[PDB]
Amino acid sequence: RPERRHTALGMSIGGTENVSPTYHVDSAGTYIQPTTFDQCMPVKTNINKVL
Amino acid sequence: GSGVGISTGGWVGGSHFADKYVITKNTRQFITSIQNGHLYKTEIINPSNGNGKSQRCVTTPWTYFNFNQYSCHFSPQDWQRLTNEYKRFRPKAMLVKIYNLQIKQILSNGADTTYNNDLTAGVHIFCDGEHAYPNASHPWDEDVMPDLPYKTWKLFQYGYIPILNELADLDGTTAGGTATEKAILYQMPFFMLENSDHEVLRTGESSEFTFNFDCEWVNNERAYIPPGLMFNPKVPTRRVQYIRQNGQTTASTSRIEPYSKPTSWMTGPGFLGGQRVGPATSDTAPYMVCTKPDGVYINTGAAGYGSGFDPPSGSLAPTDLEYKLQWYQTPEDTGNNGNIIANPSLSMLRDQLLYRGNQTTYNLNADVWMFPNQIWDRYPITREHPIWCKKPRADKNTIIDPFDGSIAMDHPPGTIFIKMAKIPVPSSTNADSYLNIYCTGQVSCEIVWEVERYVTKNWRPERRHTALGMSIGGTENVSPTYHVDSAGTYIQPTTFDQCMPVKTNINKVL
Amino acid sequence: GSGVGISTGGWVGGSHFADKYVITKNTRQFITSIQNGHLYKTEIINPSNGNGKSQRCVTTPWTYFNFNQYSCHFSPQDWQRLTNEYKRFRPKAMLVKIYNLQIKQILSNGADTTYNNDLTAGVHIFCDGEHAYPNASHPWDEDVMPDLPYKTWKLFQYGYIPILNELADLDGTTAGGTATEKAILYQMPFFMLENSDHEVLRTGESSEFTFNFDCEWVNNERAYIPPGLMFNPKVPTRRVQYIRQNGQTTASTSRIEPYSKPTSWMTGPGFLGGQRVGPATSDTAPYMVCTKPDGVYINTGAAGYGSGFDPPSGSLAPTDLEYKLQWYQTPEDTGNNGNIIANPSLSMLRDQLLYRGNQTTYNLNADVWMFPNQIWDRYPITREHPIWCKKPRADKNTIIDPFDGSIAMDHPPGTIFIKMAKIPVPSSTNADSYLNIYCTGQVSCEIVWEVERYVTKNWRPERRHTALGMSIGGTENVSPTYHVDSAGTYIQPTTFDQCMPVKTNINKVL
Amino acid sequence: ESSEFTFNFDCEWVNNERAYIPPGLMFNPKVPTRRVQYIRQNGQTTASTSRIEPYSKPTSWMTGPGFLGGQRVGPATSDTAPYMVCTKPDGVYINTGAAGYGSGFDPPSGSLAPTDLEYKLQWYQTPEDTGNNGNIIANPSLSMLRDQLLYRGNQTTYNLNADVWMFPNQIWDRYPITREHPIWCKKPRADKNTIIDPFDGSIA
Amino acid sequence: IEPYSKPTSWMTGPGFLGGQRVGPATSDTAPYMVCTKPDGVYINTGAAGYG
Amino acid sequence: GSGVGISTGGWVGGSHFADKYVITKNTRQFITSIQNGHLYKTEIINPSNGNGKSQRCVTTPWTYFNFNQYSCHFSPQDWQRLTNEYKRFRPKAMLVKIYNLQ
C-alpha cells in the first residue's frame with residue numbers, strides 16, 4: 001500500500017499580504033516560517049517498518 | 001528433470017529500485033477455456049438502440065495475454081515511489097513466461113462438475129511480434145492482468161474487426177449492394193492464427209518471450225509557470241504595441257508593459273468545440289473520424305461509418321465534464337459509482353486555453369489546431385493507464401501524442417495468444433465433437449524500467465503523493481484505499497489523485 | 001532419477017550427543033489445505049465480552065511451519081541428558097527440508113469424500129529470512145511442530161495485525177473518526193507473500209532451508225547461594241554501621257557483624273505490584289504496555305489500546321499465582337486440568353526480593369526497576385518453552401531478557417510459508433471457483449546444538465532429573481509420564497519439574 | 001589568508017522509519033496460545049484459570065522510560081521543569097529551592113505519550129517570537145514505538161504509571177527529530193552512564 | 001526559557017535515599033535487603049536473615 | 001597568487017544526492033566584533049525574579065561558529081527528499097573553511 005510522505009500541500013500560507021506559502025520569502029523579504037510541527041518534516045513518519 | 005511431476009517455473013514477484021533502472025516482477029495464475037467451440041466466426045453486432053452503429057467481428061478460438069496497464073506492473077507502493085523519486089521513466093525490456101501448465105478435462109455428470117487432468121493434452125501458444133495479425137489489445141481494455149497478484153487472470157477471447165460494416169453492409173436501392181460496397185467485401189481479409197508456426201505445450205513444458213522497448217520517456221515533472229511567464233518583469237522591453245482606434249478610443253502607440261511581455265509560445269492543440277451525441281448505446285464522442293469512399297451507400301449518421309475521437313481535448317483545459325478522461329475502476333462499476341474523473345495536474349503545460357481579441361474582450365478559441373511554436377505536456381498518466389498503444393502503419397502522420405496518455409509505438413510488445421488444443425471425439429453422426437478441457441497456469445512478467453532521478457535547485461518543498469490523500473471505504477467503512485476489506489474486497493481509489501498521476505510532484509524549470 | 005514415482009527424501013530422526021555439540025533430527029508428516037478460499041481478508045475481532053478489546057487481523061491464504069519449542073526438537077530422553085550432562089547450550093545451525101509432497105484433489109460426492117492426487121498440481125513455499133513481512137510465529141503458540149514424530153502436523157493459517165484497532169477504529173463524536181485516527185488508517189500497511197519471489201513445487205520436487213544461529217547461551221546452572229553470601233563469616237569487616245536514633249533507642253556506631261557483610265549486588269528487576277484485571281475474555285495482565293498518540297479517540301480502558309505484559313515478575317519471587325508462568329500441555333486442556341504452574345528452580349539467582357527498612361521493620365518493594373549492580377539468572381526454561389522470539393526493530397532498548405525465557409533475536413529462524421497453488425475453475429457466471437486440493441508432505445528439521453560440559457570441584461552429589469520424578473496417569477492409570485496409553489494417548493507431564501527445567505541440576509560457584 | 005577544518009563523524013544512525021504496530025501486536029490472532037491466565041478472586045467474582053485469549057497474547061516488551069509525574073514550577077523567570085537534576089555536596093549552604101542548585105530536565109517525557117502540553121517539545125521559530133505566536137509544539141509522529149504508556153492493574157481497572165524507569169525488555173524509538181533540531185550534543189565525560197538517548201533527539 | 005537556565009539532557013545517577021537501617025546492631029542493619037525466598041520455604045524470621 | 005586583492009575562496013552551496021551518501025554545502029557571510037573590550041570577566045547573573053536561581057559566567061573576548069542544527073545544512077527541499085527517500089542517515093565528514101576575511 002502507499003505510505004505517508006512529506007508534501008508541500010501540508011504547508012500553510014502566511015505573510016504581510018497572506019499570499020506567501022511556507023518556506024518562501026514575503027514582500028518585505030520576510031521568510032515564512034513553518035507554523036506547525038509537521039511542516040518541519042519530522043522523521044519516523046513516512047517510511048513504515050516491519051518490527 | 002522434466003515431466004508431469006516437475007514444475008517448470010516458480011513464483012516471481014516484487015520490485016527492485018536502483019538509480020538508473022527499476023525491475024518489476026509479477027506472476028499470475030491464469031485460466032483459459034475453449035472459445036467458439038474451436039471455430040472462427042464472423043458476427044455482425046447491430047444493436048437496435050445503437051442508432052445505426054454496427055461492427056463486423058471475426059471471433060477466434062483464441063485468448064490472449066494483455067499486459068498493458070501500469071497498475072498491473074506496479075504496486076501502489078512502487079508506483080508512489082516511482083512518481084515521487086523519479087523525473088522520468090520508460091520501459092526497457094519485458095520478459096514473460098508461461099509455465100506450470102495444467103490442462104484439466106471438464107466432466108459434467110449432472111449439476112455436479114468434476115475436474116481431472118489430461119496429461120497428454122496440450123495448449124497452443126503464439127506470440128505475434130511482427131504484428132502480422134490484427135492487434136488483440138486496445139488501450140483501456142479490461143482484459144489486462146490483475147493488480148492483485150493473488151487474483152486469477154481470466155483470458156479474453158481474441159477477435160478483430162475485419163471491415164468497416166456500413167461500408168460492407170450491402171444496403172441500398174440496388175440489390176446485393178453497390179459496386180463499391182461489394183468491392184470492399186470482395187477484399188475483406190481473414191486471419192487465422194493457425195497460419196503461423198507456433199508452440200504446443202503439455203504440462204511439463206513452458207515457454208518464454210522477450211521484448212525490447214525503444215521508447216520515448218514518460219516525463220514526471222510539472223511546469224510551475226506557463227511558457228509565457230518566462231520573462232523578467234523588472235526589465236523593460238523594446239517592443240511596441242500599436243492599438244488601432246476602437247470606437248471613441250484613439251489609436252495609440254506605446255511601449256509594452258514590463259509585466260506583460262509578448263510570448264512566442266502558442267497553446268497546444270485541442271478541440272473544445274465538439275459535443276457528445278446520444279444515446280449512450282451508440283458511439284458518443286465530440287468528434288467522429290470517418291471513412292466514406294465514394295460509391296458506398298450510407299443509411300446511417302456519422303456514427304457507424306466512423307470512430308469516436310475521445311478525449312477530444314488536448315492540453316486544453318476541459319470546459320465540460322464530457323471532455324475529461326474518465327474510467328470505471330472495476331468491471332462491475334456502473335453509473336456514478338466507481339468512476340474516476342480526471343482532474344487537473346496543476347502543471348502549467350496542461351489546461352491551456354487560447355483567446356482571440358475582438359478588440360473589446362477576449363473570446364475562447366474552442367478548436368486549436370497544430371500551429372507553430374506550440375508547447376505542451378503530454379497527459380498526466382496515473383497508475384491506471386494503458387502503457388502503450390499500437391500505432392497504425394501509414395505513410396504520413398503528425399506528431400504522435402495520444403490524448404489518453406498511452407505511448408503509441410510501431411511495434412508494441414507482441415500479443416501472446418493461447419488456446420486449448422482441440423481434442424476431437426469420435427462421432428458416428430459426423431458431428432463436430434471435441435473434448436471439454438481448460439488450461440490453468442502461471443504467467444510471469446518481468447519488466448526492466450529505465451528511470452532518471454530528478455535534481456532541483458528549488459529551495460522550497462514540493463508536492464509528493466501521500467497515503468494521507470487516500471480515502472476510507474469498505475463494507476464496515478474501516479478499510480483504507482488499496483487495502484483489502486473484511487469480505488476480501490480490494491478498496492479501489494475513489495479519486496484521480498489517489499491514482500497518483502505524474503506531472504504533479506516534481507517541479508521543472510522551463 | 002526424478003518424477004512422480006521417486007521419493008525426494010527420507011525419514012530423518014534421532015539425536016547425536018558429543019562433547020561440544022548435539023544434533024537433533026526430527027521429521028514430521030504435515031498437512032495443509034486452502035485458507036480463506038485463496039483470499040486476503042482484514043477482519044475485526046471485537047468480542048462483546050472482551051471488555052472493549054479488539055484486534056485488526058489480516059488473514060492470508062497461507063500456512064506456515066513453526067519450529068519454535070524445545071520439546072519438538074528433543075525427546076524427553078534427550079532433554080534429560082541435555083540438562084543433566086551440560087552446563088550450557090545454544091542453537092548452532094538449523095536445516096529444514098520439505099519433501100515427499102502429495103497434492104490430492106478433494107472430491108465431495110455426498111457425505112462420502114474421496115481423495116485422488118493431481119500430479120500437475122503445485123504448492124507455494126516461501127521462507128522469509130529477512131523478516132520483510134510481519135512475523136508469523138509468536139512464543140507459546142500451539143502451531144508448533146508436534147512432540148511425537150508419528151503425529152501429523154497441521155499447519156496454521158498465517159495472519160498478522162496490521163494496526164492497533166482502537167487507534168484506527170474511527171470512533172468518536174466527529175463522523176468518520178478524528179484526524180489522527182484517519183491518518184493512522186491512511187497508512188496501514190498491507191502485506192502479500194505473493195509480492196516476494198518464491199518456489200512452486202510439484203510432487204517430484206523438494207525444497208530445503210538453512211539457518212545459522214548466532215545466539216547467547218542457555219545456561220544450565222544453579223546458584224547455591226545468593227550473591228550476598230559470597231563473604232567469609234569468620235573474618236571481621238572494617239565497615240561501620242551507624243544507626244540513627246529510633247524512638248527511645250540511642251543512635252549507635254558499631255562495626256558491622258562478621259556474619260552480615262554489606263553486599264554490592266541488588267535484586268534483579270521485576271514487578272510484583274500489578275494485578276490482573278478480569279474478565280478472562282479481555283486482556284488480563286498486571287501491566288499494560290499501551291500506545292496512545294495524541295488526537296486519537298479512546299472509548300475503552302487500557303486494555304485494547306495496549307498489550308498485557310506477562311509474566312510481570314522478573315527474577316523476583318512470585319508473591320501470587322497470577323505472577324507465575326503457566327500453560328496448558330495440550331490444546332484440549334481447559335480449567336484446572338492439564339495446566340502446569342511454574343515452581344521455583346531453587347536457584348539463588350532466582351526468586352529474589354527487595355525490602356527497604358522503615359527503621360522498624362523491612363517492607364517489600366513490589367516494583368524493582370533496573371538499578372546498577374543487579375545480578376540475576378534468566379528464567380529456568382523447560383522442555384516446553386519457546387526457544388526464541390522476534391526482537392522488535394527499534395532505535396533503543398534496555399537489556400533483553402524476556403521473562404518467559406525465550407531468546408529474543410534480531411533475526412530468528414525465518415518462517416517458512418506454504419500454501420496450495422490455486423487451481424481456478426471455469427465459471428460461466430464469473431464466480432471465483434477453484435479446485436479443492438490439499439498437500440501432505442514430510443518436513444524434517446535438523447538442528448546442531450552447541451553444548452558445553454560442566455566441571456565442578458563440588459565434593460557432594462548434585463540434583464539430576466530422574467524418571468522417578470515422573471507421575472502415573474492414563475485411562476487405566478497404569479501409564480507413566482511421557483508414555484503412550486491404551487488409547488494411544490500420550491501421557492503429559494503433570495508438574496513443572498517433570499518438564500525438566502534448567503538451572504536446577506548443576507551447581508555453580510559465583 | 002584563510003583556514004579550514006576537517007572533522008570525521010563516527011555516529012549512530014538517525015533512523016527514519018515508523019512502527020505501524022506496537023511490539024505487543026507482533027503475534028498472530030488466529031493461532032491459539034498455550035499460556036494460562038489465573039485471575040485471583042476479586043470480590044464476589046470467583047478465581048478462574050483459563051487459556052489466554054488468542055487476540056490478546058502476553059507481550060515480552062515493556063514501555064520505554066519516561067517521567068509523566070513531574071510538573072513545571074513557576075515563575076517563568078526561574079528554571080521551570082518537571083524535574084531538577086541537582087548537586088548538593090555536604091557542607092554547602094543553600095538558601096534557595098531546588099532550582100538554582102540544579103538544572104531542569106526537559107522534556108521529562110520519554111517515548112511516553114505526553115499527558116500535558118508541558119511535556120511536549122516546543123520552540124520558537126525565530127529569535128523575535130514571543131508568547132503564543134511563532135512557537136511550534138511537537139505533535140505525535142504516529143509511530144508505534146513512540147507515545148507509549150504503562151498501566152498497572154489494581155484488579156478492578158488499569159491506572160497509569162507516571163514514572164517509567166529503565167526496566168528490562170524495553171523497546172522504543174528515539175525522538176522524531178525535524179529539520180529544526182540540534183544534530184548533536186556534547187556528552188559529559190564520566191565514569192558511568194546509562195543508555196544515551198537525549199529526549200530532545202540530539203545525538204550525544 | 002531563560003538563557004541562564006537551559007534544559008538539560010542528563011539525569012541524576014541512580015541511588016536509594018529512601019531506606020533506613022533497622023536495628024539492633026547485632027542483626028543485619030541496612031536500608032535495603034536483597035533477599036531470596038523460593039516458594040515452599042518456611043520463614044519464621046524477618047527480611048534480615050533470608051537476605 | 002596571494003595578497004589583499006586575491007580572494008582566498010569562493011561560494012560553495014547546494015546538495016548532492018546519491019544512494020549511499022548526501023553532500024550538503026553551505027556558505028555564509030559572517031560578522032564578528034570585539035567582545036568584552038578584549039577582557040575576560042566573571043559575572044554573576046542573579047535575577048531578582050529568578051526565584052533564587054543564579055549562574056556564574058566567565059565571558060570571553062571570543063565568538064564562535066555553531067553549525068549544530070539540521071535546518072542550516074539542508075534546504076527544505078533537501079530535507080524533504082532526505083526524509084522521503086531514506087530510511088536512515090548520519091553525518092560522515094564535515095569540512096569548514098573560513099576565508100575571504102575583511
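Each chain gets a letter, A, B and so on, in the order the sequences are listed, and its residues count up from 1. Quick note: numbers below take in every heavy atom, side chains included, and nothing from hydrogens, waters or symmetry partners.
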(request) Grab the two heavy atoms, one from B:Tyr115 and one from C:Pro426, that are nearest each other, plus how far apart they are. (result) OH-O, 4.2 Å
(message) Between B:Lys25 and C:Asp197, is there a side-chain heavy-atom distance shorter than 4.5 Å?
(response) yes
(request) Measure across C:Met192 and B:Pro149 and return the closest heavy-atom pair with its distance rounded to 0.1 Å. (result) SD-CD, 3.5 Å
(request) Name the region of C:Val58, side chain, backbone, both or neither, that has any atom closer than 4.5 Å to a heavy atom of chain B. (result) side chain
(message) Need one label for C:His124: side chain, backbone, both or neither, based on atoms under 4.5 Å from any heavy atom in chain B.
(response) side chain
(request) Verify the ring-centre separation between C:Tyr40 and B:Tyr150: is it less than 6.0 angstrom? (result) yes
(message) Any heavy-atom pair between the side chains of C:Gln187 and B:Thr466 that's under 4.5 Å?
(response) no
(message) Under 4.5 Å from any heavy atom of chain C, what part of B:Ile103 do you find: side chain, backbone, both or neither?
(response) neither
(message) Side chains of C:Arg202 and B:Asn100, heavy atoms from C-beta outward: is any pair under 4.5 Å?
(response) yes
(message) Whether the side chain of C:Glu205 engages the backbone of B:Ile6 through a donor-acceptor N/O pair (distance < 3.5 Å, no angle test) should be reported.
(response) no
(message) How close do B:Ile472 and C:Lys182 get, counting heavy atoms only, and between which atoms?
(response) CD1-CG, 4.0 Å
(message) Please give me the minimum heavy-atom distance between B:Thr440 and C:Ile423, naming the atom from each residue.
(response) CG2-CG2, 4.2 Å
(request) Could you tell me whether a side-chain N or O of B:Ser7 sits under 3.5 Å from a main-chain N or O of C:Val200, the two making a donor and an acceptor? (result) yes
(request) Let me know if B:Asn117 has heavy atoms under 4.5 Å from chain C in its side chain, its backbone, both or neither. (result) side chain
(message) Quick check on the interface: out of C:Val4, C:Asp118, C:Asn116, who has the most heavy-atom pairs with chain B under 4.5 Å?
(response) C:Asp118
(message) Can you confirm whether C:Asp169 sits close enough to B:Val478 that some side-chain heavy atom of one is under 4.5 Å from a side-chain heavy atom of the other?
(response) no
(request) Write down the atom of B:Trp11, the atom of C:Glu194, and the distance for their closest heavy-atom approach. (result) NE1-O, 2.8 Å
(message) Quick check on B:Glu332 against chain C: is it the side chain, the backbone, both or neither that has a heavy atom closer than 4.5 Å?
(response) side chain
(message) Between C:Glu199 and B:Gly10 (side chain of the first, backbone of the second, donor and acceptor by atom type, cut-off under 3.5 Å), is there such a pair?
(response) no
(request) Can you tell which part of B:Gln77 gets under 4.5 Å to a heavy atom of chain C, answering side chain, backbone, both or neither? (result) neither
(message) I'd like to know whether B:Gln102 forms a side chain to side chain contact (heavy atoms under 4.5 Å, CB included) with C:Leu435, so could you lay out the CA-CA distance, the side-chain angles of the two residues, the decisive distance to 0.1 Å, and finally the verdict.
(response) CA-CA 12 Å; B:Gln102 297 175 338; C:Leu435 185 65; over 6 Å; no
(message) Check whether B:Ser486 reaches the backbone of C:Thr42 with its side chain - one donor and one acceptor, N or O, closer than 3.5 Å.
(response) yes
(request) Measure C:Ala168 against the heavy atoms of chain B and call it side chain, backbone, both or neither at under 4.5 Å. (result) backbone
(message) Are the side chains of B:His483 and C:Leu185 in contact, using a 4.5 Å heavy-atom criterion?
(response) no
